[PDB]
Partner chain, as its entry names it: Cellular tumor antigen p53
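One chain comes next, on its own, written out as structure tokens in the form deposited without the partner chain.
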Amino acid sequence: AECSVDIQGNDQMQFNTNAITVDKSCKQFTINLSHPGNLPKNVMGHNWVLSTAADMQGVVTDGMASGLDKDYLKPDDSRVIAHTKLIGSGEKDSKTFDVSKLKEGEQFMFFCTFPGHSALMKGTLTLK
């Protein structure tokens, strides 16, 4: 059935969705991120990072303390279930991951880890 979603992160620090549905018949799921804004990665970079709700805060915080040089993700962070590269104005990045990494019932969160962005740039992802 459908196993993909397009998402945009813009100059206004927002994702154009705050809730993603993964159909449990999907084996793989694709996120196609784009940056339709005009500002550079060092001041308006966006990634789409997926973790459990419970892990989000640690991923965000440890990612913040890693610099831009590391795409604002802590090296070797196993809490990261899937993620795109960090992108700036005009860039795109797509990420496909295994649905076997999700479970029904649980609330996953997707978010951007650029410093601060996650106060606005976050949403839920649910398998059903």
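Positions refer to the first chain, counted from 1.
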| item | value |
| --- | --- |
| Mean C-alpha temperature factor, higher of 48 to 56 and 22 to 30 | 22 to 30 |
| Average Cα temperature factor in the PDB entry - higher stretch of 107 to 115, 10 to 18 | 10 to 18 |
| Candidate residues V99, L68, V43, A82, the one whose C-alpha B factor the record puts highest | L68 |
| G37 CA temperature factor, ranked by third within the chain | middle |
| Lowest, middle or highest third - CA B-factor, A1 | highest |
| Position of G88 among the chain's modelled residues by C-alpha B-factor, lowest, middle or highest third | middle |
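The next section is about a form of this same protein that is not shown, the form solved in complex with the partner chain.
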| item | value |
| --- | --- |
| Non-hydrogen atom contact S78 with the partner chain in the entry with it bound at 4.5 angstroms | yes |
| 4.5 angstroms heavy atom contact with the partner chain in the entry with it bound for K101 | no |
| 4.5 Å heavy atom contact, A82 to the partner chain in the entry with it bound | no |
| 4.5 Å heavy atom contact, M44 and the partner chain in the entry with it bound | yes |
